[PDB]
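Given next are the chains, with one letter for each unit.
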Amino acid sequence: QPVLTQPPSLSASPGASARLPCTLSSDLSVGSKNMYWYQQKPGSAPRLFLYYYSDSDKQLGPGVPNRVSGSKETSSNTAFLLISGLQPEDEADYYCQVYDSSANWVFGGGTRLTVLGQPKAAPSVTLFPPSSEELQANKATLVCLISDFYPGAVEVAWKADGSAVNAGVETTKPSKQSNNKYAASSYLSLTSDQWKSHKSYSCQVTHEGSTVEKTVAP
Amino acid sequence: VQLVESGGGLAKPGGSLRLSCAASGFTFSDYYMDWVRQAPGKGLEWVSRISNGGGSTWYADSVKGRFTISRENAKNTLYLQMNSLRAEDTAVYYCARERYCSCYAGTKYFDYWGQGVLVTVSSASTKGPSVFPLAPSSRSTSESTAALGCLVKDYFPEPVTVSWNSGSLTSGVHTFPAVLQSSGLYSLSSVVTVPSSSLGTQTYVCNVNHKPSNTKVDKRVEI
Ligand SMILES: [Zn+2]
Ligand SMILES: [Zn+2]
Ligand SMILES: [Zn+2]
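This deposited entry lists X-ray crystallography as its structure determination method and 2.5500 Å as its resolution.

Chain B goes by rhMZ104-D antibody heavy chain in the PDB entry, where it is assigned to Macaca mulatta. What the PDB record gives as the title of this entry is "Crystal structure of a NHP anti-ZIKV neutralizing antibody rhMZ104-D".

If you check the PDB entry, chain A appears there as rhMZ104-D antibody light chain from Macaca mulatta.

If you want it as structure tokens, here you go:
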């Protein structure tokens, strides 16, 4: 079956051109294929980004800047999505697609485009104690919300009266936000008697060697 | 030009579901339509294709024999019938319009997409969430900003929609992606950051909607 091969991840410098490759399998010939590139940002549907057959047969998607274009390397059987003047706005997943009579719609695996040089940002941490209604149900969930950090790598540690907590912790992987910073959350599931049996609880977020800590008290 | 989908949700393995895509703002009977699929965290995979007249269908190998793409032009509705559902069928499903044209002769790219509906195939039971207020510690209320929250706890079928004050409070909302705990259930949280002064000027209620369990709760958060 025809295969469109894309790199899962690709990072480029701001103010420079990004060259997103899409190599077609030997079954197809790039010179004679309509290439369709789609853009997908987190939480939204894909949108048509660039239709490219040749230099005189381009078509940009509605709302797509003039900075983007296409290219073909026939000795590699590779199509290229070129994005000059790269900005943080251009961070998205880009999907390559062609049509074939056998396997009608064929998508590439997609490429996450990363724009480098974005400022580092410390995590903003909010710790919430269990609600009264939850306590009346004999349960207690501590909630720790971590937002607006860059890069997207944190690690959370829970403490109860300074002592490390191992059971009942569940932490999300980081997620891209609208402003290209990341968010993450950690939950401490306890019973009502485990809560109120300590003077306080701490959520401790480590980000590139620095640490932010919040505490709540029964 | 609108492609509004509906009909997702939870289905037991071997079960069935039907997806719908209502179209508006164009001659629906003039365009090819398609269903595209996206597993959580994975890429796009084409599922099905229907011509404008409806007499020509196309299916991907992973789907042949189990799904059926339909079209009702009298009501501008695209259908995706899904039988003998497998766990690998768990994904977000999109409808997409194929452009009309009449070697580059057929350009044929996907002009408009639907919003996507999540289908989850699982033997687990539907469980609606408990909604708990996340109230500040009265020390940030004597600061310049305060953070209010809602905890949407222990719901199995994704997704859950969270709004604040019936959609009228959007500036300063963080709705966090859900955590999947080892019990198989999901939990998410939402916080609004507001000026502490605003705590004396308005009330705060979060609108939590979990459609798979018919659980719609408007939770007041008092400080
Ligand atoms: Zn840091
Ligand atoms: Zn924020
Ligand atoms: Zn202890």
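Student: Help me understand the coordination of the zinc ion (ligand 2), please; the structure alone is not making it clear to me.
Tutor: Tetrahedral coordination by four donors puts the ideal angle at the metal at 109.5 degrees, and octahedral coordination by six puts it at 90 or 180 degrees. Every protein donor of the zinc ion (ligand 2) is listed here as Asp 148 of chain A (OD) and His 174 of chain B (NE2), and their distances to the metal cover 2.1 to 2.4 Å. With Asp 148 of chain A in strand β13 (residues 139–149) and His 174 of chain B in strand β15 (residues 173–180), the pair connects residues from two separate chains. A relative accessible area of 26% means that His 174 of chain B is categorised as partly exposed.

Student: Help me out: how do you make sense of the interface of chain A and chain B in this one?
Tutor: As a measure of interface size, the accessible area lost when the parts come together is often cited. The interface of chain A with chain B comprises 41 residues on the first partner and 43 residues on the second. Summed over both partners, the interface of chain A with chain B comes to about 3400 Å²; 64% of that surface belongs to carbon and sulfur atoms. Sorting the residues of chain A by area buried against chain B places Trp 105, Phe 107 and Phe 128 of chain A first, and these three jointly supply 19% of that buried surface. Scanning the region where chain A abuts chain B turns up 1 salt bridge. Across the pair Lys 153 of chain B and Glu 134 of chain A runs a salt bridge whose closest N-O atoms are separated by 3.9 Å.

Student: What's the story with unusual backbone geometry in this structure? I'm lost.
Tutor: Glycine aside, negative phi is the norm for most residues, and most peptide bonds take the trans geometry. The residue after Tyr 150 of chain A, namely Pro 151 of chain A, is reached through a cis peptide bond having omega 0 degrees. Take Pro 151 of chain A: it is sitting in the loop between β13 and β14 (155–160). Backbone torsion omega between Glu 158 of chain B and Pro 159 of chain B reads 0 degrees, so that peptide bond is classified as cis. With respect to the helices, strands and loops of the structure, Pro 159 of chain B is situated in the loop between β13 (145–155) and β14 (161–164).

Student: Sorry if this is basic, but what is going on with the side chain of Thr 111 of chain A here?
Tutor: Of note, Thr 111 of chain A is situated in strand β11 (residues 111–115). Each residue touching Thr 111 of chain A, except ones within four places of it in the same chain, is listed here: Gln 6, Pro 7, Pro 8, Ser 9, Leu 10, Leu 20, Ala 92, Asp 93 and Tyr 94 of chain A.

Student: What is the right way to look at the pattern of salt bridges in this model?
Tutor: Pairing is possible between side chains of opposite charge, provided their charged atoms come close. Residues and elements named next belong to chain B. What the rule picks out here adds up to 12 salt bridges over all chains. Residue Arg 97 is joined to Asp 111 by a salt bridge in which the shortest nitrogen-to-oxygen separation is 2.7 Å. A relative accessible area of 5% means that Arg 97 is categorised as buried. Ionic contacts of the salt-bridge type, sharing partners, join the residues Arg 37, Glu 45, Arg 66 and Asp 89 into one network.

Student: What exactly am I supposed to notice about the domain arrangement of chain B here?
Tutor: When the domains of chain B are assigned, the result is domain 1 (2–121) and domain 2 (130–221). Computed from C-alpha atoms alone, the centre-to-centre distance between domain 1 of chain B and domain 2 of chain B is 33 Å.

Student: Sorry, what's going on with the state of the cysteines here?
Tutor: On inspection of all chains with the given rule, the structure shows 4 disulfides over all chains. Disulfide partner of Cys 22 of chain A: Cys 96 of chain A, at an S-S distance of 2.0 Å. Across the S-S bond linking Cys 22 of chain A and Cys 96 of chain A, the dihedral sits near -85 degrees, which makes this disulfide left-handed. Of this pair, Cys 22 of chain A sits in strand β3 (residues 18–24) while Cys 96 of chain A sits in strand β9 (residues 93–99); the two residues are 74 residues apart in sequence, bridging distant segments of the chain. Accessibility classification places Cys 22 of chain A together with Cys 96 of chain A in one group, the buried group. Disulfide pairing is shown between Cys 21 of chain B and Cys 95 of chain B; the S-S distance is 2.1 Å. Taking the sign of the S-S torsion, about 70 degrees here, the bridge from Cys 21 of chain B to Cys 95 of chain B comes out right-handed.

About the cut-offs
- Residues numbered from 1 in each chain as written, not as in the entry; some residues may be left out.
- Chains lettered and ligands numbered in written order.
- Heavy atoms only, no water.
- Donors = N, O, S within 2.8 Å, 3.2 Å for Na, K, Ca; no water.
- Helix = DSSP H or I, 4+ residues; strand = E, 2+ residues; numbered from the N terminus.
- Buried < 20%, exposed > 50% of the residue type's maximum accessible area, 1.4 Å probe, protein only.
- Contact = heavy atoms within 4.5 Å.
- Buried area = accessible area lost by both parts, 1.4 Å probe.
- Salt bridge = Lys/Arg side-chain N within 4 Å of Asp/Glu carboxyl O.
- Domains from an automatic or database assignment.
- Disulfide = S-S within 2.5 Å.

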